[PDB]
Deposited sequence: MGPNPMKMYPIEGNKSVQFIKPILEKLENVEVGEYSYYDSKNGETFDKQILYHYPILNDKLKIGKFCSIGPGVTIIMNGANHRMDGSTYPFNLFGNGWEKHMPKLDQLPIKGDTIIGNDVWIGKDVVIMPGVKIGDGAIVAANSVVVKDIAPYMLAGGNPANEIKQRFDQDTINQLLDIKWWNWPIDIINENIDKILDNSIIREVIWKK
């Protein structure tokens, strides 16, 4: 019951895409079932993941049942400049400067980007390198996320700050304990109205 998570366009609105089957080809990306992208101009969500180079070995992980709005970009580590001195990339220009290519160990590595489960990322958000966004978070439209966001927080702005906890700490801990997104789908299917009103916690 419900849609086929392996369909790229599950709604017979071609804007709405399931991201897992699109991004499965991608090295160093892991994406959960049912998470979707609402395309801005028809682009597929793989075009929204920028500067992701296997040699840098940074990973992107997105959980299940995420909602990603149009124009969201995810910036991986590939646009980092060397920063222990001049940021000018002499190496890029050749003509003898190519001898000054940075070693891998001289490039900033800001870490992996990990977006949890049941996360809603609003329109035109930018997620910068090395960010972790906890389960159940909401990131407001047009946010620029540079630091981690805790579970079940509403966050917004540029740079994105935590605005408030969505629910009481206790409800949050219970939701984090039960992880409904990892239930068998036939069990999710029996309980969507309760997942939608938080009465799953009891």
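Trainee: Counting from 1 along the deposited sequence, which stretches lack C-alpha positions?
Mentor: In the chain as deposited, 13, 204-209 carry no coordinates.
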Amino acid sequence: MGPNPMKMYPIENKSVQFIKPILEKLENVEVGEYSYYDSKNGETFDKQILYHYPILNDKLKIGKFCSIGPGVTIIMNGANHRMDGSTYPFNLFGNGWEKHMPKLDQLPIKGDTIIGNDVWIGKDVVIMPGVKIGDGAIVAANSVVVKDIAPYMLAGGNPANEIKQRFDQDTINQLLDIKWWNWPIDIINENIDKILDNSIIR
From here on, numbers count along this sequence of modelled residues.
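The term rigid core refers to the maximal set of C-alpha atoms that superpose within 1.5 Å between the two forms.
Trainee: Give, as the answer, the stretch of 190-198 and 13-21 that departs more from the shown form in 7 other deposited structures of this protein; the measure is RMS Cα distance after a core fit.
Mentor: Farther on average in 7 other deposited structures of this protein: 13-21.
Trainee: Per the entry, where is the mean C-alpha temperature factor higher: 167-175 or 150-158?
Mentor: If you average the C-alpha B-factors of 167-175 and of 150-158, the larger mean comes out for 167-175.
Trainee: For the higher mean C-alpha B factor in the entry, choose 36-44 or 135-143.
Mentor: Per the deposited B-factors, the answer is 36-44.
Trainee: Can you tell me which of 127, 114, 121, 107 has the highest Cα temperature factor in the record?
Mentor: Among 127, 114, 121, 107, the highest C-alpha B-factor in the entry belongs to 107.
Trainee: Lowest, middle or highest third: where is residue 81 by C-alpha B factor in its chain?
Mentor: It belongs to the middle third of the chain when residues are ordered by C-alpha B-factor.
Trainee: Where does the C-alpha B-factor of residue 99 rank in its chain, lowest, middle or highest third?
Mentor: Residue 99: CA B-factor falls in the highest third of its chain.
Trainee: Compare the C-alpha B factor of residue 92 with those of the other modelled residues in its chain, then answer lowest, middle or highest third.
Mentor: Middle third of the chain for residue 92's C-alpha B-factor.
Trainee: Within this chain's modelled residues, let me know which third the CA B factor of residue 69 belongs to: lowest, middle or highest.
Mentor: It falls in the bottom third of the chain.
Trainee: Where does the C-alpha B-factor of residue 187 rank in its chain, lowest, middle or highest third?
Mentor: Residue 187: CA B-factor falls in the highest third of its chain.
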